[PDB]
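Cβ: placed from backbone, ideal geometry, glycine included. Neighbour counts: every protein chain shown. Nothing in this text is a laboratory measurement; each read-out follows from the coordinates by a stated rule.
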Amino acid sequence: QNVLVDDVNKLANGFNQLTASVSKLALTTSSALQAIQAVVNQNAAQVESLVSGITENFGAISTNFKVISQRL
Amino acid sequence: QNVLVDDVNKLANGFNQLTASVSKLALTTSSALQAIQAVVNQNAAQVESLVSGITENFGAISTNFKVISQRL
Amino acid sequence: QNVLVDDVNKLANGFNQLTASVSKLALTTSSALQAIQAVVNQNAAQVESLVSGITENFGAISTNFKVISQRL
Amino acid sequence: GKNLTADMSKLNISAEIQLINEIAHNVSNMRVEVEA
Amino acid sequence: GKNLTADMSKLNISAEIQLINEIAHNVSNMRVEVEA
Amino acid sequence: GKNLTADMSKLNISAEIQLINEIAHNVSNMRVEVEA
Ligand SMILES: [Cl-]
Ligand SMILES: [Cl-]
Ligand SMILES: [Cl-]
């Protein structure tokens, strides 16, 4: 009945330690998630932009075959 | 030796608060992870599907050069 | 004043349970994050490698049109 | 040839990011002091 | 020209997702009641 | 035609991964024993 008072002290500090690091854990997870979202979306946008460019090229190539096939 | 009883009460509620929000933290992390997996894999599948299409086009273009180069 | 001693026991075990699973939570989150980084970066590298290849092809196609357009 | 279409998925986990930030604020405001 | 090949990696974190769901269930079942 | 350029972003969360590993080590070293 003397250790109870020390035990309450121990749990108190351990609890405040645990919450501080659960806090840190959440923030660090949040930070990773934000970076992933930015990169995944930008990489998607590039691929979309890339396909548009590839489609313009195939159209210009198709036009060239038609011009030369009839002008021949 | 009167604060012990109140202190046990405080730790009890703080513990049940902490577990509830650690629970929420895990579920929210799980939910982010699931969305990331779905998007990353779908974006990969598209690129794969895209390269197949680009390869068909280059083959058809290669065929056209050969037909016109020998038929000339 | 007899339940205090049992209550300290309960919080003790519940605290050590909570920390063990917060530990597991962090490690499992770390493991997901590592896999995501590896896959996202590799998929990016492939797209980059792919565009280089697509650019070589468009150059060779452009060369063919020029050779045949002037040699005609 | 073929009609290349992209149809890229975009990632939306803004709610999860923001809800995890709120958890990190509600914890850490859970310090437990004692005595007199 | 060149022989375009993709070789896209696919993400597999189903185990981590599921193990994190089990953690969220084992916590939250860790309420600590008291008294009489 | 057009001058295809990629400009792909690369993901860098090595610090977050490593800081989360340190959290998992600092927890779990937070066992609380008692008595005599
Ligand atoms: Cl950070
Ligand atoms: Cl959610
Ligand atoms: Cl694991």
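Considering only residues that are of a type in the set (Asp, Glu) and in a loop (DSSP other than H, G, I, E, B), which ones fall in the range E:17-35? Walk me through how you get there before you give the answer.
At the first step, the residues of the range E:17-35 found to be of a type in the set (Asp, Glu) are E:22, E:33, E:35.
Residues satisfying the conditions are E:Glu33, E:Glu35.
Just to be sure, is B:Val8 surrounded by fewer than 15 Cβ atoms within 10 Å (Cβ to Cβ) and without any contact (Cβ under 8 Å) to a residue 12 or more places away in the chain? Outline the logic, then answer.
On the way: surrounded by fewer than 15 Cβ atoms within 10 Å (Cβ to Cβ): no; without any contact (Cβ under 8 Å) to a residue 12 or more places away in the chain: yes.
Criteria not met by B:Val8.
Within the range A:23-43, how many residues turn out to be closer than 26 Å to D:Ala6 by Cα and surrounded by fewer than 23 Cβ atoms within 10 Å (Cβ to Cβ)? It would help to see each step written out before you state the result.
Quick first cut of the range A:23-43, residues closer than 26 Å to D:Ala6 by Cα only: A:33-43.
Cutting the leftovers down to surrounded by fewer than 23 Cβ atoms within 10 Å (Cβ to Cβ) gives us A:34-35, A:37-39, A:41-42.
Total satisfying the criteria: 7.
Determine, yes or no, whether B:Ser52 is within 16 Å of ligand 2 (Cβ to nearest atom), facing chain E (nearest Cβ under 10 Å) and free of Cβ contacts under 8 Å to residues at least 12 places away in the same chain.
Values: within 16 Å of ligand 2 (Cβ to nearest atom): no; facing chain E (nearest Cβ under 10 Å): yes; free of Cβ contacts under 8 Å to residues at least 12 places away in the same chain: yes.
No, not satisfied.
Select, from A:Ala38, A:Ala12, the only residue that is under 25 Å from the mean Cα position of the chain (by Cα), of a type in the set (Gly, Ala, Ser) and more than 16 Å from ligand 3 (Cβ to nearest atom).
Working: A:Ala12 fails: under 25 Å from the mean Cα position of the chain (by Cα).
Criteria check complete, one pass: A:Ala38.
Considering the range F:13-36 alone, what residues qualify as being more than 8 Å from chain C (Cβ to nearest Cβ) and within 16 Å of ligand 1 (Cβ to nearest atom)?
Once the filter is applied, which keeps residues that are more than 8 Å from chain C (Cβ to nearest Cβ) and within 16 Å of ligand 1 (Cβ to nearest atom), the range F:13-36 yields F:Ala15, F:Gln18, F:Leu19, F:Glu22, F:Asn26.
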